[PDB]
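Asker: Below is structure_15.cif; it holds mmCIF, N, CA and C atoms.
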data_protein
loop_
_atom_site.group_PDB
_atom_site.id
_atom_site.type_symbol
_atom_site.label_atom_id
_atom_site.label_comp_id
_atom_site.auth_asym_id
_atom_site.auth_seq_id
_atom_site.Cartn_x
_atom_site.Cartn_y
_atom_site.Cartn_z
ATOM 1 N N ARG A 1 17.849 29.027 44.486
ATOM 2 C CA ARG A 1 18.196 27.971 43.543
ATOM 3 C C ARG A 1 17.839 28.371 42.116
ATOM 4 N N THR A 2 18.422 27.671 41.146
ATOM 5 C CA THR A 2 18.176 27.937 39.736
ATOM 6 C C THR A 2 17.510 26.785 39.001
ATOM 7 N N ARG A 3 17.795 25.538 39.376
ATOM 8 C CA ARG A 3 17.190 24.387 38.718
ATOM 9 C C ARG A 3 15.817 24.037 39.277
ATOM 10 N N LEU A 4 15.417 24.634 40.401
ATOM 11 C CA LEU A 4 14.103 24.340 40.963
ATOM 12 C C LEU A 4 12.990 24.759 40.011
ATOM 13 N N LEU A 5 13.120 25.939 39.401
ATOM 14 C CA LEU A 5 12.105 26.396 38.456
ATOM 15 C C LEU A 5 12.040 25.488 37.235
ATOM 16 N N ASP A 6 13.196 25.036 36.746
ATOM 17 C CA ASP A 6 13.214 24.170 35.571
ATOM 18 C C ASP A 6 12.488 22.857 35.841
ATOM 19 N N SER A 7 12.687 22.278 37.027
ATOM 20 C CA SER A 7 12.023 21.021 37.355
ATOM 21 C C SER A 7 10.507 21.179 37.342
ATOM 22 N N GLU A 8 10.001 22.277 37.907
ATOM 23 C CA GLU A 8 8.560 22.506 37.911
ATOM 24 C C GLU A 8 8.021 22.652 36.493
ATOM 25 N N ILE A 9 8.749 23.365 35.632
ATOM 26 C CA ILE A 9 8.302 23.547 34.254
ATOM 27 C C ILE A 9 8.236 22.207 33.534
ATOM 28 N N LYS A 10 9.251 21.361 33.725
ATOM 29 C CA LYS A 10 9.259 20.057 33.071
ATOM 30 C C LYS A 10 8.086 19.201 33.532
ATOM 31 N N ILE A 11 7.779 19.233 34.831
ATOM 32 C CA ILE A 11 6.669 18.439 35.351
ATOM 33 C C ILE A 11 5.353 18.888 34.727
ATOM 34 N N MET A 12 5.145 20.203 34.623
ATOM 35 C CA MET A 12 3.911 20.709 34.032
ATOM 36 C C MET A 12 3.783 20.287 32.573
ATOM 37 N N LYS A 13 4.887 20.337 31.823
ATOM 38 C CA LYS A 13 4.842 19.950 30.416
ATOM 39 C C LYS A 13 4.472 18.481 30.258
ATOM 40 N N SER A 14 4.991 17.621 31.137
ATOM 41 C CA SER A 14 4.714 16.192 31.022
ATOM 42 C C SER A 14 3.225 15.902 31.151
ATOM 43 N N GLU A 15 2.551 16.557 32.100
ATOM 44 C CA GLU A 15 1.125 16.316 32.288
ATOM 45 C C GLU A 15 0.329 16.707 31.049
ATOM 46 N N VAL A 16 0.652 17.856 30.451
ATOM 47 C CA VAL A 16 -0.071 18.302 29.264
ATOM 48 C C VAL A 16 0.170 17.352 28.097
ATOM 49 N N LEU A 17 1.422 16.930 27.898
ATOM 50 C CA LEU A 17 1.741 16.075 26.759
ATOM 51 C C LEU A 17 1.011 14.740 26.843
ATOM 52 N N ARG A 18 0.961 14.141 28.035
ATOM 53 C CA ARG A 18 0.286 12.857 28.185
ATOM 54 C C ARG A 18 -1.202 12.975 27.879
ATOM 55 N N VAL A 19 -1.848 14.030 28.376
ATOM 56 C CA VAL A 19 -3.278 14.201 28.140
ATOM 57 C C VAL A 19 -3.545 14.543 26.679
ATOM 58 N N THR A 20 -2.743 15.443 26.105
ATOM 59 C CA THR A 20 -2.968 15.856 24.724
ATOM 60 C C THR A 20 -2.770 14.696 23.756
ATOM 61 N N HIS A 21 -1.735 13.882 23.976
ATOM 62 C CA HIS A 21 -1.452 12.784 23.057
ATOM 63 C C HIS A 21 -2.592 11.775 23.028
ATOM 64 N N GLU A 22 -3.138 11.432 24.197
ATOM 65 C CA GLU A 22 -4.217 10.450 24.248
ATOM 66 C C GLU A 22 -5.461 10.954 23.528
ATOM 67 N N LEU A 23 -5.791 12.236 23.702
ATOM 68 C CA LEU A 23 -7.003 12.783 23.105
ATOM 69 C C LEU A 23 -6.956 12.792 21.582
ATOM 70 N N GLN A 24 -5.769 12.690 20.984
ATOM 71 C CA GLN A 24 -5.621 12.748 19.535
ATOM 72 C C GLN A 24 -5.207 11.409 18.941
ATOM 73 N N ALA A 25 -4.099 10.830 19.409
ATOM 74 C CA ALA A 25 -3.619 9.578 18.830
ATOM 75 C C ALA A 25 -4.587 8.434 19.104
ATOM 76 N N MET A 26 -5.015 8.284 20.359
ATOM 77 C CA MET A 26 -5.912 7.187 20.706
ATOM 78 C C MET A 26 -7.260 7.329 20.012
ATOM 79 N N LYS A 27 -7.766 8.559 19.902
ATOM 80 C CA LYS A 27 -9.091 8.766 19.325
ATOM 81 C C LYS A 27 -9.145 8.302 17.875
ATOM 82 N N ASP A 28 -8.077 8.545 17.112
ATOM 83 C CA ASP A 28 -8.089 8.192 15.696
ATOM 84 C C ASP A 28 -8.289 6.694 15.498
ATOM 85 N N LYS A 29 -7.589 5.873 16.282
ATOM 86 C CA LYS A 29 -7.730 4.427 16.148
ATOM 87 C C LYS A 29 -9.138 3.975 16.517
ATOM 88 N N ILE A 30 -9.658 4.468 17.642
ATOM 89 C CA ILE A 30 -10.989 4.062 18.081
ATOM 90 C C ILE A 30 -12.047 4.535 17.094
ATOM 91 N N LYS A 31 -11.918 5.769 16.603
ATOM 92 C CA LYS A 31 -12.906 6.298 15.668
ATOM 93 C C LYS A 31 -12.967 5.459 14.399
ATOM 94 N N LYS B 1 21.200 21.728 38.935
ATOM 95 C CA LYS B 1 22.580 21.833 39.393
ATOM 96 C C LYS B 1 23.449 20.744 38.771
ATOM 97 N N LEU B 2 24.283 20.112 39.599
ATOM 98 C CA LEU B 2 25.155 19.054 39.098
ATOM 99 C C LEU B 2 24.346 17.882 38.556
ATOM 100 N N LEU B 3 23.293 17.485 39.270
ATOM 101 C CA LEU B 3 22.450 16.372 38.841
ATOM 102 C C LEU B 3 21.319 16.847 37.933
ATOM 103 N N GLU B 4 20.499 17.770 38.422
ATOM 104 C CA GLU B 4 19.382 18.321 37.638
ATOM 105 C C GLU B 4 18.437 17.161 37.307
ATOM 106 N N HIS B 5 17.883 17.112 36.095
ATOM 107 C CA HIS B 5 16.944 16.074 35.696
ATOM 108 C C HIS B 5 17.607 14.966 34.882
ATOM 109 N N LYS B 6 18.939 14.876 34.921
ATOM 110 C CA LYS B 6 19.627 13.840 34.157
ATOM 111 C C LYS B 6 19.198 12.448 34.603
ATOM 112 N N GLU B 7 19.118 12.223 35.917
ATOM 113 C CA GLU B 7 18.673 10.924 36.413
ATOM 114 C C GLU B 7 17.180 10.726 36.182
ATOM 115 N N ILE B 8 16.387 11.789 36.346
ATOM 116 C CA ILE B 8 14.948 11.684 36.146
ATOM 117 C C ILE B 8 14.590 11.513 34.677
ATOM 118 N N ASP B 9 15.506 11.845 33.764
ATOM 119 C CA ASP B 9 15.214 11.730 32.341
ATOM 120 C C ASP B 9 14.947 10.292 31.917
ATOM 121 N N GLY B 10 15.454 9.312 32.668
ATOM 122 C CA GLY B 10 15.231 7.924 32.295
ATOM 123 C C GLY B 10 13.765 7.537 32.319
ATOM 124 N N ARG B 11 13.042 7.963 33.356
ATOM 125 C CA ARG B 11 11.624 7.630 33.451
ATOM 126 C C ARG B 11 10.833 8.245 32.302
ATOM 127 N N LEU B 12 11.121 9.504 31.965
ATOM 128 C CA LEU B 12 10.389 10.165 30.890
ATOM 129 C C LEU B 12 10.612 9.467 29.555
ATOM 130 N N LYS B 13 11.855 9.076 29.267
ATOM 131 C CA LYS B 13 12.148 8.426 27.994
ATOM 132 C C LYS B 13 11.401 7.105 27.862
ATOM 133 N N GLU B 14 11.374 6.306 28.931
ATOM 134 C CA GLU B 14 10.691 5.018 28.871
ATOM 135 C C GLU B 14 9.197 5.194 28.623
ATOM 136 N N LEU B 15 8.570 6.148 29.313
ATOM 137 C CA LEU B 15 7.140 6.372 29.127
ATOM 138 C C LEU B 15 6.834 6.848 27.712
ATOM 139 N N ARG B 16 7.649 7.763 27.185
ATOM 140 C CA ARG B 16 7.406 8.282 25.844
ATOM 141 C C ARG B 16 7.545 7.189 24.792
ATOM 142 N N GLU B 17 8.546 6.318 24.941
ATOM 143 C CA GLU B 17 8.769 5.273 23.947
ATOM 144 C C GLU B 17 7.568 4.341 23.842
ATOM 145 N N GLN B 18 7.011 3.928 24.983
ATOM 146 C CA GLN B 18 5.854 3.039 24.954
ATOM 147 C C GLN B 18 4.659 3.708 24.288
ATOM 148 N N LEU B 19 4.410 4.978 24.612
ATOM 149 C CA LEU B 19 3.291 5.690 24.005
ATOM 150 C C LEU B 19 3.545 5.991 22.534
ATOM 151 N N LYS B 20 4.803 6.226 22.157
ATOM 152 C CA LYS B 20 5.111 6.548 20.768
ATOM 153 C C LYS B 20 4.745 5.399 19.838
ATOM 154 N N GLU B 21 5.024 4.162 20.255
ATOM 155 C CA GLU B 21 4.715 3.013 19.410
ATOM 156 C C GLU B 21 3.218 2.889 19.154
ATOM 157 N N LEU B 22 2.388 3.311 20.111
ATOM 158 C CA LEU B 22 0.943 3.208 19.932
ATOM 159 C C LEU B 22 0.471 4.045 18.749
ATOM 160 N N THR B 23 0.998 5.264 18.612
ATOM 161 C CA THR B 23 0.608 6.122 17.501
ATOM 162 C C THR B 23 1.017 5.545 16.152
ATOM 163 N N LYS B 24 2.046 4.698 16.116
ATOM 164 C CA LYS B 24 2.472 4.108 14.851
ATOM 165 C C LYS B 24 1.376 3.236 14.253
ATOM 166 N N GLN B 25 0.691 2.453 15.090
ATOM 167 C CA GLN B 25 -0.372 1.588 14.588
ATOM 168 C C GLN B 25 -1.523 2.393 13.999
ATOM 169 N N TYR B 26 -1.741 3.613 14.495
ATOM 170 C CA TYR B 26 -2.820 4.440 13.964
ATOM 171 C C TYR B 26 -2.619 4.718 12.481
ATOM 172 N N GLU B 27 -1.376 4.981 12.072
ATOM 173 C CA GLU B 27 -1.099 5.183 10.654
ATOM 174 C C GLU B 27 -1.419 3.929 9.849
ATOM 175 N N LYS B 28 -1.074 2.756 10.383
ATOM 176 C CA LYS B 28 -1.376 1.511 9.684
ATOM 177 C C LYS B 28 -2.878 1.321 9.522
ATOM 178 N N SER B 29 -3.647 1.604 10.574
ATOM 179 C CA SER B 29 -5.094 1.452 10.487
ATOM 180 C C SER B 29 -5.680 2.367 9.421
ATOM 181 N N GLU B 30 -5.188 3.604 9.339
ATOM 182 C CA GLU B 30 -5.706 4.535 8.344
ATOM 183 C C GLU B 30 -5.579 3.973 6.935
ATOM 184 N N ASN B 31 -4.536 3.182 6.675
ATOM 185 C CA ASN B 31 -4.378 2.588 5.353
ATOM 186 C C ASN B 31 -5.559 1.687 5.016
ATOM 187 N N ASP B 32 -6.014 0.890 5.984
ATOM 188 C CA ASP B 32 -7.175 0.038 5.747
ATOM 189 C C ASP B 32 -8.412 0.870 5.442
ATOM 190 N N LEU B 33 -8.621 1.954 6.191
ATOM 191 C CA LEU B 33 -9.775 2.808 5.942
ATOM 192 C C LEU B 33 -9.735 3.430 4.555
ATOM 193 N N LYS B 34 -8.549 3.572 3.968
ATOM 194 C CA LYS B 34 -8.425 4.087 2.612
ATOM 195 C C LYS B 34 -8.756 3.046 1.553
ATOM 196 N N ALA B 35 -8.910 1.778 1.940
ATOM 197 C CA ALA B 35 -9.259 0.719 1.007
ATOM 198 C C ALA B 35 -10.731 0.341 1.038
ATOM 199 N N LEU B 36 -11.468 0.749 2.070
ATOM 200 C CA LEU B 36 -12.881 0.417 2.166
ATOM 201 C C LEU B 36 -13.733 1.161 1.149
ATOM 202 N N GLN B 37 -13.177 2.157 0.465
ATOM 203 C CA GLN B 37 -13.912 2.937 -0.517
ATOM 204 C C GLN B 37 -13.620 2.509 -1.949
ATOM 205 N N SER B 38 -12.896 1.411 -2.139
ATOM 206 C CA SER B 38 -12.554 0.905 -3.461
ATOM 207 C C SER B 38 -13.419 -0.310 -3.759
ATOM 208 N N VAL B 39 -14.200 -0.231 -4.827
ATOM 209 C CA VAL B 39 -15.135 -1.276 -5.173
ATOM 210 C C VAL B 39 -14.542 -2.130 -6.287
ATOM 211 N N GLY B 40 -15.142 -3.293 -6.515
ATOM 212 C CA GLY B 40 -14.664 -4.205 -7.526
ATOM 213 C C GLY B 40 -15.051 -3.773 -8.922
ATOM 214 N N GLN B 41 -14.591 -4.555 -9.895
ATOM 215 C CA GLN B 41 -14.827 -4.255 -11.298
ATOM 216 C C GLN B 41 -15.090 -5.546 -12.054
ATOM 217 N N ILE B 42 -16.130 -5.542 -12.889
ATOM 218 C CA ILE B 42 -16.460 -6.713 -13.686
ATOM 219 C C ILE B 42 -15.351 -6.967 -14.695
ATOM 220 N N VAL B 43 -15.103 -8.238 -14.996
ATOM 221 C CA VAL B 43 -14.003 -8.636 -15.867
ATOM 222 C C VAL B 43 -14.568 -9.278 -17.124
ATOM 223 N N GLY B 44 -14.173 -8.758 -18.280
ATOM 224 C CA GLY B 44 -14.589 -9.301 -19.558
ATOM 225 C C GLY B 44 -13.549 -8.961 -20.599
ATOM 226 N N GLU B 45 -13.725 -9.520 -21.792
ATOM 227 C CA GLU B 45 -12.751 -9.358 -22.859
ATOM 228 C C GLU B 45 -13.350 -8.557 -24.003
ATOM 229 N N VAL B 46 -12.526 -7.701 -24.603
ATOM 230 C CA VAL B 46 -12.969 -6.867 -25.709
ATOM 231 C C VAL B 46 -13.183 -7.733 -26.941
ATOM 232 N N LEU B 47 -14.275 -7.481 -27.657
ATOM 233 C CA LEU B 47 -14.618 -8.235 -28.856
ATOM 234 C C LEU B 47 -14.370 -7.446 -30.135
ATOM 235 N N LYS B 48 -14.792 -6.187 -30.178
ATOM 236 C CA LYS B 48 -14.583 -5.362 -31.357
ATOM 237 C C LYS B 48 -14.640 -3.899 -30.949
ATOM 238 N N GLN B 49 -14.140 -3.045 -31.832
ATOM 239 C CA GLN B 49 -14.103 -1.602 -31.611
ATOM 240 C C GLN B 49 -15.074 -0.943 -32.581
ATOM 241 N N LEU B 50 -16.296 -0.689 -32.115
ATOM 242 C CA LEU B 50 -17.288 -0.045 -32.967
ATOM 243 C C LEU B 50 -16.829 1.348 -33.375
ATOM 244 N N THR B 51 -16.455 2.170 -32.401
ATOM 245 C CA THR B 51 -15.927 3.499 -32.663
ATOM 246 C C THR B 51 -14.872 3.799 -31.607
ATOM 247 N N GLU B 52 -14.457 5.062 -31.532
ATOM 248 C CA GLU B 52 -13.395 5.422 -30.603
ATOM 249 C C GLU B 52 -13.866 5.361 -29.157
ATOM 250 N N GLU B 53 -15.140 5.662 -28.902
ATOM 251 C CA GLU B 53 -15.681 5.664 -27.548
ATOM 252 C C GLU B 53 -16.722 4.575 -27.321
ATOM 253 N N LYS B 54 -16.869 3.627 -28.245
ATOM 254 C CA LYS B 54 -17.841 2.550 -28.103
ATOM 255 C C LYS B 54 -17.152 1.222 -28.367
ATOM 256 N N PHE B 55 -17.318 0.276 -27.449
ATOM 257 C CA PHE B 55 -16.708 -1.037 -27.553
ATOM 258 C C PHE B 55 -17.748 -2.115 -27.289
ATOM 259 N N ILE B 56 -17.498 -3.304 -27.828
ATOM 260 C CA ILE B 56 -18.316 -4.482 -27.570
ATOM 261 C C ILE B 56 -17.522 -5.406 -26.662
ATOM 262 N N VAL B 57 -17.994 -5.575 -25.434
ATOM 263 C CA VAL B 57 -17.306 -6.376 -24.435
ATOM 264 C C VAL B 57 -18.299 -7.352 -23.831
ATOM 265 N N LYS B 58 -17.844 -8.580 -23.607
ATOM 266 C CA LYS B 58 -18.675 -9.622 -23.013
ATOM 267 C C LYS B 58 -18.107 -9.934 -21.635
ATOM 268 N N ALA B 59 -18.848 -9.576 -20.593
ATOM 269 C CA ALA B 59 -18.426 -9.916 -19.247
ATOM 270 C C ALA B 59 -18.328 -11.427 -19.118
ATOM 271 N N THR B 60 -17.263 -11.903 -18.479
ATOM 272 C CA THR B 60 -17.073 -13.346 -18.386
ATOM 273 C C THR B 60 -17.909 -13.965 -17.281
ATOM 274 N N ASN B 61 -19.153 -13.549 -17.192
ATOM 275 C CA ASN B 61 -20.229 -14.154 -16.422
ATOM 276 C C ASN B 61 -21.518 -14.254 -17.217
ATOM 277 N N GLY B 62 -21.823 -13.245 -18.029
ATOM 278 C CA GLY B 62 -23.133 -13.092 -18.608
ATOM 279 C C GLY B 62 -23.135 -12.498 -20.001
ATOM 280 N N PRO B 63 -23.936 -11.459 -20.183
ATOM 281 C CA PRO B 63 -24.281 -10.981 -21.523
ATOM 282 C C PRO B 63 -23.148 -10.181 -22.154
ATOM 283 N N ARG B 64 -23.426 -9.686 -23.356
ATOM 284 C CA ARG B 64 -22.519 -8.827 -24.099
ATOM 285 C C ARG B 64 -22.983 -7.386 -23.955
ATOM 286 N N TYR B 65 -22.044 -6.483 -23.700
ATOM 287 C CA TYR B 65 -22.349 -5.078 -23.493
ATOM 288 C C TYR B 65 -21.600 -4.225 -24.503
ATOM 289 N N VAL B 66 -22.201 -3.095 -24.864
ATOM 290 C CA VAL B 66 -21.515 -2.036 -25.596
ATOM 291 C C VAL B 66 -21.229 -0.921 -24.600
ATOM 292 N N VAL B 67 -19.946 -0.680 -24.334
ATOM 293 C CA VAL B 67 -19.523 0.201 -23.257
ATOM 294 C C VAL B 67 -18.418 1.118 -23.760
ATOM 295 N N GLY B 68 -18.210 2.212 -23.026
ATOM 296 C CA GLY B 68 -17.205 3.190 -23.379
ATOM 297 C C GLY B 68 -15.828 2.824 -22.861
ATOM 298 N N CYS B 69 -14.896 3.756 -23.038
ATOM 299 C CA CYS B 69 -13.516 3.561 -22.624
ATOM 300 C C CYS B 69 -13.000 4.807 -21.925
ATOM 301 N N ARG B 70 -12.259 4.589 -20.845
ATOM 302 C CA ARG B 70 -11.645 5.687 -20.118
ATOM 303 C C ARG B 70 -10.700 6.455 -21.032
ATOM 304 N N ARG B 71 -10.730 7.784 -20.925
ATOM 305 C CA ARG B 71 -9.945 8.611 -21.836
ATOM 306 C C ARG B 71 -8.456 8.326 -21.707
ATOM 307 N N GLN B 72 -7.949 8.267 -20.475
ATOM 308 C CA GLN B 72 -6.513 8.102 -20.276
ATOM 309 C C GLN B 72 -6.021 6.776 -20.840
ATOM 310 N N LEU B 73 -6.780 5.703 -20.635
ATOM 311 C CA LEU B 73 -6.364 4.398 -21.128
ATOM 312 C C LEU B 73 -6.135 4.457 -22.629
#
Could I get this file's structure written as structure tokens?

Answerer:
Amino acid sequence: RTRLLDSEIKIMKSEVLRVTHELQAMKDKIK
Amino acid sequence: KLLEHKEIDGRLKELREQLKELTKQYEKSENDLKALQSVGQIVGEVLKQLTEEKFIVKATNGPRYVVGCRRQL
């Protein structure tokens, strides 16, 4: 298959983006 | 393939939109933090001009002061 690799890459990116965004955007308001 | 992540893209867009709005408020809050460092200023009226950098001003609460003037003004 060819799209199987793309799906895995997209899933990995989503996890990083969610964690990274919270550590920066949320922190500024609370700080 | 034919479908790929086109159908799955709906879930990602909805989650991103909700989180995106949260970051918008952070910019608004920063504006308030930029105002906490601005202090007030006593208000009085000029009475006479002794020299170019010396003025006689009476604060509209109390005594009369001889004070300077900001260069740019």

Asker: Considering all atoms listed in the file, tabulate each residue of chain B that lies at most 8 Å from chain A along with its nearest interatomic pair and the corresponding distance in Å to one decimal; arrange the rows by chain and ascending residue number and present them as a Markdown table.

Answerer:
| residue | atom | partner | partner_atom | distance |
| --- | --- | --- | --- | --- |
| B:1 | N | A:3 | CA | 4.8 |
| B:4 | CA | A:3 | CA | 6.5 |
| B:5 | N | A:7 | CA | 7.2 |
| B:22 | C | A:25 | C | 6.7 |
| B:23 | CA | A:25 | CA | 5.6 |
| B:24 | N | A:25 | CA | 8.0 |
| B:25 | C | A:29 | CA | 6.9 |
| B:26 | CA | A:29 | CA | 5.4 |
| B:27 | N | A:29 | N | 7.6 |
| B:29 | CA | A:29 | CA | 6.9 |
| B:30 | N | A:29 | CA | 7.3 |

Asker: Do a neighbour search on stretch 48-59 of chain B at 8 Å with all atoms listed in the file, toss out local chain neighbours closer than 5 positions, and write the hits as an MDAnalysis selection string.

Answerer: chainID B and resid 42:43 64:70

Asker: Please indicate the distance in Å from atom CA of residue B:71 to atom CA of residue B:41, rounded to one decimal place.

Answerer: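 Between atom CA of residue B:71 and atom CA of residue B:41 the gap is 17.3 Å.
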
Asker: Provide the atom N of residue B:61 to atom C of residue B:38 distance in Å, to one decimal place.

Answerer: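 Spanning atom N of residue B:61 to atom C of residue B:38 is a straight-line distance of 19.7 Å.
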
Asker: What does the distance from atom CA of residue A:8 to atom CA of residue B:9 come to in Å, to one decimal?

Answerer: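 Value for the atom CA of residue A:8-atom CA of residue B:9 distance: 13.8 Å.
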
Asker: Have stretch 18-31 of chain B completed to N, CA, C and O atoms, please, and pass it along as an mmCIF file, in the frame of the given file.

Answerer:
data_model
loop_
_atom_site.group_PDB
_atom_site.id
_atom_site.type_symbol
_atom_site.label_atom_id
_atom_site.label_comp_id
_atom_site.auth_asym_id
_atom_site.auth_seq_id
_atom_site.Cartn_x
_atom_site.Cartn_y
_atom_site.Cartn_z
ATOM 1 N N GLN B 18 7.011 3.928 24.983
ATOM 2 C CA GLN B 18 5.854 3.039 24.954
ATOM 3 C C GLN B 18 4.659 3.708 24.288
ATOM 4 O O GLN B 18 3.959 3.086 23.480
ATOM 5 N N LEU B 19 4.410 4.978 24.612
ATOM 6 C CA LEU B 19 3.291 5.690 24.005
ATOM 7 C C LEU B 19 3.545 5.991 22.534
ATOM 8 O O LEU B 19 2.601 6.013 21.736
ATOM 9 N N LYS B 20 4.803 6.226 22.157
ATOM 10 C CA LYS B 20 5.111 6.548 20.768
ATOM 11 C C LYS B 20 4.745 5.399 19.838
ATOM 12 O O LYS B 20 4.213 5.620 18.744
ATOM 13 N N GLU B 21 5.024 4.162 20.255
ATOM 14 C CA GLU B 21 4.715 3.013 19.410
ATOM 15 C C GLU B 21 3.218 2.889 19.154
ATOM 16 O O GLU B 21 2.809 2.410 18.090
ATOM 17 N N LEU B 22 2.388 3.311 20.111
ATOM 18 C CA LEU B 22 0.943 3.208 19.932
ATOM 19 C C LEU B 22 0.471 4.045 18.749
ATOM 20 O O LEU B 22 -0.367 3.598 17.959
ATOM 21 N N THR B 23 0.998 5.264 18.612
ATOM 22 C CA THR B 23 0.608 6.122 17.501
ATOM 23 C C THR B 23 1.017 5.545 16.152
ATOM 24 O O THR B 23 0.394 5.876 15.137
ATOM 25 N N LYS B 24 2.046 4.698 16.116
ATOM 26 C CA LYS B 24 2.472 4.108 14.851
ATOM 27 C C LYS B 24 1.376 3.236 14.253
ATOM 28 O O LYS B 24 1.144 3.263 13.038
ATOM 29 N N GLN B 25 0.691 2.453 15.090
ATOM 30 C CA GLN B 25 -0.372 1.588 14.588
ATOM 31 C C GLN B 25 -1.523 2.393 13.999
ATOM 32 O O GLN B 25 -2.214 1.915 13.093
ATOM 33 N N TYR B 26 -1.741 3.613 14.495
ATOM 34 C CA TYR B 26 -2.820 4.440 13.964
ATOM 35 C C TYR B 26 -2.619 4.718 12.481
ATOM 36 O O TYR B 26 -3.578 4.698 11.701
ATOM 37 N N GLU B 27 -1.376 4.981 12.072
ATOM 38 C CA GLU B 27 -1.099 5.183 10.654
ATOM 39 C C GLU B 27 -1.419 3.929 9.849
ATOM 40 O O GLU B 27 -1.976 4.014 8.749
ATOM 41 N N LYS B 28 -1.074 2.756 10.383
ATOM 42 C CA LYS B 28 -1.376 1.511 9.684
ATOM 43 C C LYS B 28 -2.878 1.321 9.522
ATOM 44 O O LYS B 28 -3.350 0.924 8.450
ATOM 45 N N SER B 29 -3.647 1.604 10.574
ATOM 46 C CA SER B 29 -5.094 1.452 10.487
ATOM 47 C C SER B 29 -5.680 2.367 9.421
ATOM 48 O O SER B 29 -6.574 1.963 8.670
ATOM 49 N N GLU B 30 -5.188 3.604 9.339
ATOM 50 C CA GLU B 30 -5.706 4.535 8.344
ATOM 51 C C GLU B 30 -5.579 3.973 6.935
ATOM 52 O O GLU B 30 -6.427 4.248 6.078
ATOM 53 N N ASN B 31 -4.536 3.182 6.675
ATOM 54 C CA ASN B 31 -4.378 2.588 5.353
ATOM 55 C C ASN B 31 -5.559 1.687 5.016
ATOM 56 O O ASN B 31 -6.060 1.706 3.886
#
